[PDB]
Amino acid sequence: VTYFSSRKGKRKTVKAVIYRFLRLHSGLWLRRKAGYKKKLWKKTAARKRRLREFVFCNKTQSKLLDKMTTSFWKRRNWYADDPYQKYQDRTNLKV
Amino acid sequence: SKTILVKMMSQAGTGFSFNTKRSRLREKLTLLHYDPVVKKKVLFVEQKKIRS
Amino acid sequence: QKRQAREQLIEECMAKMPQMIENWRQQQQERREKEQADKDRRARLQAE
Amino acid sequence: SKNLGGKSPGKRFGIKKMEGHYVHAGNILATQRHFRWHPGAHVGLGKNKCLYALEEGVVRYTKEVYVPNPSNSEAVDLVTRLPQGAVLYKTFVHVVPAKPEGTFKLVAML
Amino acid sequence: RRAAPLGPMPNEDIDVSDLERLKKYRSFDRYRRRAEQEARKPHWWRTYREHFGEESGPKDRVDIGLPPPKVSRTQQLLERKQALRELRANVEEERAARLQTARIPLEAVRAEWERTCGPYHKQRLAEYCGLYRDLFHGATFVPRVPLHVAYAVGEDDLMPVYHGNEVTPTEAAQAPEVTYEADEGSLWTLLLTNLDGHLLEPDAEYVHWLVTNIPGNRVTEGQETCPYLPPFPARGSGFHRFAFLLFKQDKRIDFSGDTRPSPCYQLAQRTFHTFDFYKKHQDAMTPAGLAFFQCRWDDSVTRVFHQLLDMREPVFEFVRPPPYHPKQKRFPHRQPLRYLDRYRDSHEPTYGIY
Amino acid sequence: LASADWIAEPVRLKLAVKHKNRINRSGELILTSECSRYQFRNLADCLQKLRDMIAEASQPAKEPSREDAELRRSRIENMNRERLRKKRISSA
Amino acid sequence: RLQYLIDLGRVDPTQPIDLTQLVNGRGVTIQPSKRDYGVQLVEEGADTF
Amino acid sequence: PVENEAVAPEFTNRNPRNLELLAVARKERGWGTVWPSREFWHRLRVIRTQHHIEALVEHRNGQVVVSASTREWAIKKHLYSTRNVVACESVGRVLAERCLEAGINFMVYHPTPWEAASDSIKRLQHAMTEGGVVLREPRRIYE
RNA sequence: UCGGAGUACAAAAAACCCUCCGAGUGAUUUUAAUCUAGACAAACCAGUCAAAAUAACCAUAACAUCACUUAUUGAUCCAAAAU
Ligand SMILES: [Mg+2]
Ligand SMILES: [Mg+2]
Ligand SMILES: [Mg+2]
Ligand SMILES: [Mg+2]
Ligand SMILES: [Mg+2]
Ligand SMILES: [Mg+2]
């Protein structure tokens, strides 16, 4: 990560994150499973399903990704037609 | 002996494919499989040879 | 036109299905009997 | 060298829930390499031979008589060679179901 | 660290030395039998039976019965031996056997059954359906006198009430024909109770039809305490059970306490405890016959509540408990996306300040 | 239901048959919707249900087809209480 | 929010209400640079409106 | 209001036969290392002694609900050769009758592969079927 | 690198240039679907089970089987394929 850029002196984002993850606004990150397109003939249908999932990352990973990612990506987004707008608030969480 | 990975196609006119390990010295493979689009048990005949 | 072509193809090949699978069932049932008749006509010629 | 590759981690085969515990439907009660515990009442058997609860309730272990399925050649042979008084026993896991199946409520008074 | 077995270990009996000289069951079936007999004994280790509710297990039965019919053992035995000699003697019978053509005159078997072991079978069916559990609470009686109840569905139609059978409330709109066999020095009391379907009181029941001081087999001649009220289960709840009880009484009994008004369409007025009612008259009344049926809501019942009881009609559902979800975690790890929906309140977007 | 003139008489009578469960002792036909938090959507659900009932009742071509899945118990227990009901002697 | 703005006299219902009117009452905030294409109307207060 | 109108929200149905008849009750899923399947409300059990044929209807409690035996005088006296195919058919008919009378139309029968081939049992099942008793219990609801 | 037995005697885990056997697949047809409660395992990545509900088929028809069955396997990117 570049903490202070050369031209702007701001903090850069690591684009390699932005291609494989998704940040809901609650702070949860969402990712594909690994190896889900790989060698499908060789796998059980059950395993294949487990692979086709979208899954959530643990706290540590989340904080790591947040550090690797600038402020812009944490903003509240309203997209038209967006699949994921349903999931961006958190509900009934007693902690 | 070696086996082979063949791409098998539906005769239901629905493009659907599934790959199978098949004996190299055996005949062209044909099976009764499940096609998800038509939601039926249909005949699949091997279209292509994928991996050797 | 794409949707109607797909649906056309699917109906067309779904009308042909019982004839195909029956024909292939008869084909395989003929193959099994060909092989077994071979093995019996060989068993009786080796026996003699 | 002569000896090679003895190195593999444990499989954590064990018994996950113990007698008297509460369980929710779908909990794995045990996991095993060979049949050690057999599934009893309200306990499903997985294809890897692990036992899981089919009902919400309380786990109980029990010794009980073993009468194999007649489609199983091996077991019926083992049973068939026994002296005339003897009975195979095995260890089973059950879940004594907790909640009642359902209730009747008053929807509307017409 | 070994412990010591408490009492006998199961196979400890047979000798391991010289296994060849021991007889085996080479049959799967013999084994199955032996095993099922072993599964019925009272072992000293934790067992299936123990946890899964043998329902009080051993129970000393308070018996309020009619005394068992006294018949000579040896005489009966001789007579049956002879009858079977006769029946085995004929060549016609044997022909009927080898050629797989024979029939049993079911009416006569139903007759003999009703006469002989019927009472016991009816008893255990009643125990099964827990008649004794909701009526006398501890008590088992054997139905010595057979009770024949029937309903008129039409001119030619007759719907019988056997023990445990299903009947529709349409059939039961009228009082039934009741038949049993007694000469007359006799006095009886007949009772029809709805074992469940009381609305307010889980432990209590409804008297539908109560008759008393019944000479002999004469049904209508008895003074009716409670006029016949047709079966009325509620739409939601399934299968209420109605019970016909028959009491042999000695002295004429009069009760102004239990007597009900002639129309009597009030529910508070028919509320009943068979136990209590029996406790009262216990000295004279001994329960003799029993017949009972299963009954579920059908169309005609709607007319009852509105027309007779002057009520709205209560309707019920069958409600299953809401599914169990673990505590929601701030960072659900390696969990599918649809996770967030399990804790969802209702499906609707909500824009808080927006 | 009987006082509602915007539906025809054959339909007003056929409705009181199929839906007699949800009719009330005062003659009222009661519809209810639940789902949305918005009662516009509930009202709309009700009105669509009513539209559908009047639709199928005003269709004489409705065959009222019944599934065998939950009705197998019904047909068989029916038939089997009919074996016993078959005893013939007049009574009362 | 629309109702709450009208009630408190931020936007007036008397004249026509378009985007500029919402922005001037600070009932809403648009930032085109973020590819906001404008306001959408959602039903949260439908019954109460 | 009316003193009748009182209901209470939760209705208690004390009847043990109920939830079974409704098909909503719990069968016992499980075992499935062993045999036979203990999943059923009612099970037909046919025991063949070298002398007598005994057909029982069981509840998973082990409690015999309704039965017909050949030791029974009612059946014994009418017919001949207690061990015959004839006897099996007979007992089956009797049991069907008593079952309808008991209010139970469904039960499971789990014979042995070689008992399924035997004539006596084929005809026991036939008698049971014409009697109006279906084998193969209805499924559970929300199982 | 992966698995089985001992070390590691009875829940789990547990090392060695420790003691011993294996795997880098065949054969077969029963060609083994979709979706989802709850769990196991676990640093992460990966792995495992699985009810109910759908759809397929007897017209209330979902565990591929065998070889000690356990192991017969390989992430991203990137390339070829066009679904
Ligand atoms: Mg090891
Ligand atoms: Mg290790
Ligand atoms: Mg005697
Ligand atoms: Mg904004
Ligand atoms: Mg754990
Ligand atoms: Mg299922």
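The deposited coordinates derive from cryo-EM, with the record listing a resolution of 3.2 Å.

As recorded by the PDB entry, chain G carries the name Mitochondrial ribosomal protein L15 and is attributed to Sus scrofa. This entry carries the title "Unique features of mammalian mitochondrial translation initiation revealed by cryo-EM. This file contains the 39S ribosomal subunit".

Looking at the PDB entry, one finds chain D named Mitochondrial ribosomal protein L27 and attributed to Sus scrofa. Recorded under Sequence similarities (unreviewed entry), the UniProt text for chain D is reproduced unchanged: "Belongs to the bacterial ribosomal protein bL27 family." The Subcellular location (unreviewed entry) field of the UniProt record for chain D holds the comment "Mitochondrion".

**Observations regarding the packing of helix α1 (residues 2-15) of chain C against helix α2 (residues 17-47) of chain C**
Residues and elements named next belong to chain C. Put simply, α1 and α2 touch, their axes get as near as 4 Å, and they point 45° apart. It follows from the interaxial angle that α1 and α2 lie oblique. Residues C13, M14 and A15 of α1 form the contact with α2, whose participating residues are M17, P18 and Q19. Of the residues in the contact of α1 with α2, the class split is five nonpolar, one polar and no charged.

**Brief notes about unusual backbone geometry**
Across the junction of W35(H) and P36(H), the peptide omega takes the value 0°, indicating a cis bond. Its location among the elements puts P36(H) in the loop between α1 (18-21) and β2 (42-48). Of note, the phi angle at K39(B) is positive, near 60°, even though the residue is not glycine. With respect to the helices and strands, the residue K39(B) is situated in the loop between β3 (30-35) and β4 (40-51). For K39(B), a relative accessible area of 59% puts it in the exposed group. Despite not being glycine, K49(D) has its phi angle at roughly 70°, a positive value. Judged by its relative accessible area of 24%, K49(D) is partly exposed.

**Considerations on the pattern of salt bridges**
In this structure the tally under the stated criterion is 56 salt bridges over all chains. Where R85(F) meets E171(E), a salt bridge forms, and the shortest distance between an N and an O atom there is 3.9 Å. Of this pair, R85(F) sits in helix α3 (residues 72-85) while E171(E) sits in the loop between β3 (165-166) and β4 (177-179), placing the two residues on different chains. A salt bridge links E89(H) to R123(H); the shortest N-O distance between them is 2.7 Å. Residue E89(H) is located in helix α3 (residues 85-102), and its partner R123(H) is located in helix α5 (residues 119-130); the two are separated by 34 residues in the primary sequence. We classify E89(H) as buried; its relative accessible area is 17%. It is possible to trace a salt-bridge network through shared partners that takes in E55(D), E101(D), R320(E), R26(H), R29(H), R140(H) and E143(H).

**Considering the nonpolar core**
The biggest cluster of nonpolar side chains holds 36 residues, and the ones touching the most others in it are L44(H), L95(H), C99(H), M107(H) and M128(H). With nine residues, the single largest contributor to this core is α3(H). Ignoring anything within four residues of it in the chain, the contact list for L95(H) reads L44(H), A55(H), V57(H), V66(H), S67(H), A68(H) and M128(H). The next biggest cluster of nonpolar side chains, apart from the first, holds 27 residues, and it includes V207(E), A243(E), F247(E) and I253(E).

**Focus on a nonpolar patch on the surface**
A grouping of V1(A), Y3(A) and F4(A) is seen on the molecular surface, where their side chains present a nonpolar patch of about 370 Å² in accessible area. Structurally, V1(A) can be placed in the segment before α1 (15-20).

**Side note on the sheet that holds strand β9 (residues 103-109) of chain D**
Taking strand neighbours across the sheet as the criterion, the three strands line up as β10(E)-β9(D)-β1(H) in an open arrangement whose pairing is antiparallel. Since the sheet does not close on itself, it has two edges, and those belong to β10 (314-319) of chain E together with β1 (10-11) of chain H, each with one partner. Summarising the sheet, β9(D) and β10(E) pair through six bridges and their orientation is antiparallel. Bridging from a neighbouring strand, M109(D) pairs with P314(E) of β10(E).

**Section: the packing of aromatic side chains**
This structure, assessed with the given rule, holds 29 aromatic pairs over all chains. Here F247(E) and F277(E) contribute two aromatic rings whose centre-to-centre distance is 6.2 Å and whose plane-to-plane angle is 65°, an arrangement assigned as edge-to-face. Of the two residues, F247(E) is situated in strand β8 (residues 240-249) and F277(E) in helix α8 (residues 274-281); the sequence distance between them amounts to 30 residues. Each member of the pair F247(E) and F277(E) is classed as buried. Of the aromatic side chains, those joined through ring pairs into one cluster are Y132(E), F136(E), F141(E), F247(E), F272(E), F277(E) and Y278(E). Over the face of the ring belonging to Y38(F) we find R37(F), whose NZ or CZ atom lies 5.9 Å from the ring centre.

**Some details on the protein's contact with RNA strand I**
Around RNA strand I sit 63 residues, and of these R31(A), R49(A), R50(A), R12(D) and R29(H) come closest. Sugar and phosphate atoms constitute 76% of the interface atoms of RNA strand I, taking the interface as everything within 4 Å of the protein. In this structure, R136(H) approaches RNA strand I through a main-chain N or O atom, which is 2.8 Å from a base oxygen. Elements with a minimum of two residues in the surface near RNA strand I: α2 (45-52) of chain A together with β1 (3-10), β3 and β4 of chain B.

**Details of the interface of chain E and chain H**
Facing 69 residues of chain E, the contacting portion of chain H comprises 64 residues. For the chain E and chain H pair, buried surface summed over both sides reaches about 5,900 Å², with 56% attributable to carbon and sulfur atoms. Sorting the residues of chain E by area buried against chain H places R32(E), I104(E) and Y128(E) first, and these three jointly supply 12% of that buried surface. Counting every contact that joins chain E to chain H gives four salt bridges. Of the charged contacts, one joins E36(E) and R45(H) as a salt bridge, the two residues approaching to 2.8 Å between their closest N and O atoms. If you look at where chain E meets chain H, you find 23 residue pairs in polar contact. Sorting the residues of the side of chain E that touches chain H by element identifies α1 (28-38), α3 (73-89), α4 (91-98), α5 (106-115), α6 (118-128), α7 (131-134), β8 and β10 of chain E as the ones contributing at least two each. With six residues, the top contributor of residues to the side of chain E that touches chain H is α5(E). Tallied by class, the residues present in the side of chain E that touches chain H amount to 33 nonpolar, 14 polar and 22 charged.

Rules behind the numbers
Residues numbered from 1 in each chain as written, not as in the entry; some residues may be left out. Chains lettered and ligands numbered in written order. Part of a larger assembly, values for the part shown. Heavy atoms only, no water. Residues with missing side-chain atoms left out of burial classes, pairs and counts. UniProt positions renumbered as here; feature names shortened; annotations may be inferred. Axes fitted to C-alpha atoms, helices over the stretch in contact; angles between N-to-C directions. Helix = DSSP H or I, 4+ residues; strand = E, 2+ residues; numbered from the N terminus. Parallel < 35°, antiparallel > 145°, perpendicular 65-115°, else oblique. Contact = heavy atoms within 4.5 Å. Nonpolar A, V, L, I, M, F, W, Y, C, P; charged D, E, K, R; others polar. Buried < 20%, exposed > 50% of the residue type's maximum accessible area, 1.4 Å probe, protein only. Salt bridge = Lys/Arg side-chain N within 4 Å of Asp/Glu carboxyl O. Core = buried A, V, L, I, M, F, W, Y, C linked by side-chain atoms within 4.5 Å. Patch = residues over 30% accessible without salt bridge, like charges linked within 9 Å, V, L, I, M, F, W, Y side chains within 5 Å. Areas by Shrake-Rupley, 256 points an atom, 1.4 Å probe, with all protein chains shown as cover. Pairing = 2+ DSSP bridges. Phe/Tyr/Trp six-rings, centres within 6.5 Å; stacked < 30°, edge-to-face > 60°. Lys NZ or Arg CZ within 6 Å of the ring centre and 35° of its normal. Near = heavy atom within 4 Å. Polar contact = N/O pair within 3.5 Å; in protein donor to acceptor, adjacent residues only side chain to side chain. Buried area = accessible area lost by both parts, 1.4 Å probe.

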